[PDB]
C-alpha cells in the first residue's frame, strides 16, 4: 500500500518537475518545489507565467491532489503513528 502510493507520488512529482522546468524554464529544484507546494495545496509560490503552465497546473491539481494526500494519510497513520505509538508503550 505505502509502497505503491510512494511510487505513484514520485512519478507524479517527476512529471511536474519535467513540465515546469521545460515550459516555465525553472531550475529542476524550483520545478519540484512548485509541484510539491501545488499538490499539497500549500501554494507558497507566485503563479506560472505561461498559459501552458496555468492549464497544466489546473489539470495537475485535479489529478494529483487525491493521490498525494492518500500518500500523506498513510505515511502518518501506517508509518509515523506506530513509530511513536508503539513507542508509547511502557
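Rigid core (definition): largest C-alpha set, two forms, superposition within 1.5 Å. Numbering follows the first chain given and starts at 1.
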Return whichever of 68 to 76 or 19 to 27 has the larger RMS Cα deviation from the displayed form in 9 other deposited structures of this protein, where every structure is aligned on the rigid core.
68 to 76
More variable segment, 29 to 37 or 59 to 67 [Cα RMS over structures in 9 other deposited structures of this protein, core-superposed]:
59 to 67
35 to 43 set against 60 to 68, stretch whose average Cα temperature factor tops the other in the entry
60 to 68
Tell me which stretch has the larger mean Cα B-factor in this entry, 81 to 89 or 2 to 10.
81 to 89
